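**Student:** Reading the sequence shown from the start, the letters are residues 17 to 104, 128 to 230 in full-length UniProt numbering.
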Amino acid sequence: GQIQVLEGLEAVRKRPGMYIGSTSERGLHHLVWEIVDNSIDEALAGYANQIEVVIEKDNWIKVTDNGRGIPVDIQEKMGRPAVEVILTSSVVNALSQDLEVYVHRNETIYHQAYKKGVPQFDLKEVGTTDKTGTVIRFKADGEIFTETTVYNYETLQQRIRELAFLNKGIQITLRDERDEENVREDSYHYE
Ligand SMILES: Cc1[nH]c(C(=O)Nc2nc3c(OCc4ccccc4)cc(C(=O)O)cc3s2)c(Cl)c1Cl
Ligand SMILES: [Cl-]
């Protein structure tokens with residue numbers, strides 16, 4: 017089970033272009049689409065209706081949704097929490136130098152961090168909450184994306200606007216916090 021996980025990460029890092037199209041600027045932006053697509057699926061299942069994408073200092077990406085939260089129940093097949101199985128099978132996690140998740144579920148905040156898809160510690164209870172949803176924060180691996188790891192605000196804006204237009208009823212917000220002195224936000228919500 018666990019051995020099959022490591023080979024999966026190795027495979028994605030060995031031929032990243034086969035999984036995200038390219039290691040150019042295009043492939044870097046794809047990382048955001050892959051995570052946002054998971055939030056959109058949770059909205060289409062009837063659970064979520066708000067997605068926030070933040071470009072943080074040093075081109076971290078934070079994606080937050082108000083869905084049910086990725087499940088944390090032990091996956092009888094792997095003996096690992098479901099969220100760990102799901103994120104260790129993620130292309131984005133494989134192609135990130137660092138990735139962390141916060142799940143709000145069962146009135147609890149759970150946290151796990153990864154490097155190149157490898158968990159750095161067991162899923163941990165870190166707090167309490169009266170909300171549900173998922174926070175993903177990731178830093179693209181510069182060893183993979185050798186051209187640029189800098190996000191283009193207008194590229195992300197055009198695609199987020201498109202996703203809000205195609206998926207009516209979902210509020211999707213993009214915020215650029217890289218320059219703390221000039222913060223830019225665009226928020227889209229069709230019908
Ligand atoms: C930013 C973000 N959000 C999500 C996300 O919310 N995905 C979810 N998948 C799921 C989900 O997927 C299927 C599942 C997987 C393992 C164990 C039970 C169900 C189930 C349930 C549920 O049963 O309550 C809830 C969620 S929420 C993901 Cl994945 C990412 Cl990345
Ligand atoms: Cl759960």
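We put the CB at the ideal spot given by N, CA and C, even for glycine.
Expressed to the nearest angstrom, what Euclidean distance is found between the alpha-carbon atoms of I183 and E41?
**Tutor:** Cα-Cα distance, rounded: 11 Å.
**Student:** What separation, rounded to the nearest whole angstrom, lies between the Cα atoms of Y35 and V28?
**Tutor:** C-alpha separation (whole angstroms): 7 Å.
**Student:** Among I86, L103, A179 and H143, whose alpha-carbon lies nearest the alpha-carbon of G156?
**Tutor:** Measuring from the Cα of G156, the nearest candidate turns out to be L103.
**Student:** Using only CA atoms, which one of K163, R223, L202 and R144 lies nearest to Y153?
**Tutor:** The candidate whose alpha carbon is nearest that of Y153 is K163.
**Student:** Pick helix, strand or coil for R217, following the three-state DSSP scheme.
**Tutor:** The answer is coil: DSSP assigns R217 none of H, G, I, E or B.
**Student:** How many whole angstroms separate the CB atoms of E139 and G83, which I take to be in contact at a CB cut-off of 8 Å?
**Tutor:** About 18 Å; that fails the 8 Å criterion.
**Student:** Per DSSP, which residues does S135 bridge with? Please list them.
**Tutor:** Note: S135 sits in a beta bridge opposite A179.
**Student:** Is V88 near ligand 2, going by C-beta to nearest heavy atom under 7 Å?
**Tutor:** Yes, Cβ of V88 sits closer than 7 Å to a heavy atom of ligand 2.
**Student:** Is the beta carbon of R223 sitting closer than 8 Å to the one on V70?
**Tutor:** Contact flag unset, no.
**Student:** Would you give the residue range spanned by the beta strand (DSSP E) that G166 belongs to?
**Tutor:** Element bounds for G166: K163 to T167.
**Student:** Can you determine whether any heavy atom of ligand 2 sits closer than 7 Å to the C-beta of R96, and answer yes or no?
**Tutor:** Flag unset: Cβ of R96 not near ligand 2.
**Student:** By DSSP's criteria, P97 is part of a beta bridge. Which residues make up the other side?
**Tutor:** According to DSSP, which records beta bridges pairwise, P97 is partnered with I90.
**Student:** Using only CA atoms, which one of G208, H228 and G172 lies nearest to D81?
**Tutor:** Checked all of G208, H228 and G172; the closest Cα to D81 is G172.
**Student:** Pull up the CB-CB distance for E68 and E216, whole angstroms please, since I reckon it's below 8 Å.
**Tutor:** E68 to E216, Cβ: 11 Å. No contact.
**Student:** Starting from the C-beta of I56, find all residues in its chain whose C-beta is less than 6 Å away, skip the five residues before and the five after it, and write them out in chain order.
**Tutor:** Excluding positions up to five away in sequence, the list reads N206.
**Student:** Rounded to a whole number of angstroms, what is the C-alpha to C-alpha distance between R96 and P87?
**Tutor:** Cα-Cα distance, rounded: 11 Å.
**Student:** Could you check where the beta strand (DSSP E) with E224 kicks off and where it finishes?
**Tutor:** Residues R223 to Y227.
**Student:** Let me check understanding here. Comparing Cα to Cα, which of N191, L60 and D74 lies closest to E219?
**Tutor:** Nearest option by C-alpha distance: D74.
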